[PDB]
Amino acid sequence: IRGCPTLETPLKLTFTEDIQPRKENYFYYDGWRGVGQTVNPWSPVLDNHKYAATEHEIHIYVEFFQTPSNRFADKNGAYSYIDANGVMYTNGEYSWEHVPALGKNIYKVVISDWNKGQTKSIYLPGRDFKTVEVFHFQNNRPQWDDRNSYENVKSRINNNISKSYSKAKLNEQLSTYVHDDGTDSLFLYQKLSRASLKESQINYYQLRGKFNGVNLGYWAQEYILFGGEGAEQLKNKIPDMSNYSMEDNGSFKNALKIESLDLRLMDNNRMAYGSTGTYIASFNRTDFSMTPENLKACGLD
């Protein structure tokens, strides 16, 4: 059989900032950059600068089962190769760093300057990965300077970042005698997993956090409260629940059909009299276009 997607077809990850400011009665809240007095153009409130982030970065760590096997590089970076020294050769905007101290066949890339409205896109060096982990960092938080310590970030993911928030906590008005709300630089963790070299599906896990809080006479707190597949379809809606999980889990079957895996960050309703913002970190597949008769022929139905 000929012409099917295979493990040598490039696979893309995309990351889209899509937060629209939320108006409160008349400040505008924007999880990416704080609190504004007006929008279009944005004008921050005074002392927004003390609290809000101005930089966002994406760190991607990919672990393979074996050395990536592609033997050529293209002009714009859909294709990479590894030399005799284990260094990955990639043209274009992004370059991967070999990190053998973390383990065998692990490569790291940093995507910076993630600004309002932007989509970042990157091809993985291989579709047959073992693990992909993505760290999302915002600055003006005390952990920002140490963001390159994989071990310290993973420690906080495992031990320090809340996996659930109660309805009561979301309705709390943080006392102004708390001077720093304790938000981590890390606001989102993604993990993609494949159980074997030739696995036909992709498993995903997300741990969602918070955007920088802003204290303008009273605390505004910003929770990435929802996420995962299809979560973007539930915009403008905070379901009433006793507890709100900060974890997403799922699996994409027939992964060879997938062209890209897409993260989208968006605003949702605010609550607690405007003090609590909620956001959605949806994670979805974009499939190649295929007919039913090519899906069946390729074993992807």
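When you see a residue number, it is the position in the sequence shown, counting from 1.
- Unmodelled deposited residues between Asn25 and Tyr26: 1 to 3, per the record.
- Legend: mean Cα B-factor per stretch from the PDB entry, 87-95 versus 218-226; the higher mean is in 87-95.
- In this entry, the higher average B-factor at the C-alpha atoms falls on 97-105, of the pair 97-105 and 147-155.
- Of the candidates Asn48, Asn243, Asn236, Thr276, the PDB record gives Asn236 the highest C-alpha temperature factor.
- Taking the PDB entry at face value, the top CA B factor among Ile82, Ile161, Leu192, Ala78 belongs to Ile82.
- The PDB entry assigns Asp180 a C-alpha temperature factor belonging to the middle third of its chain's modelled residues.
- Looking at the C-alpha B-factors along this chain, the one for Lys198 belongs to the highest third.
- Per the PDB record, residue ranking by Cα B-factor puts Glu293 in the highest third of the chain.
- Ranked against the other modelled residues of its chain, the C-alpha B-factor of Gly209 as given in the entry falls in the lowest third.
- Placement of the Cα temperature factor of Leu263 within the chain: lowest third of the modelled residues, per the deposited record.
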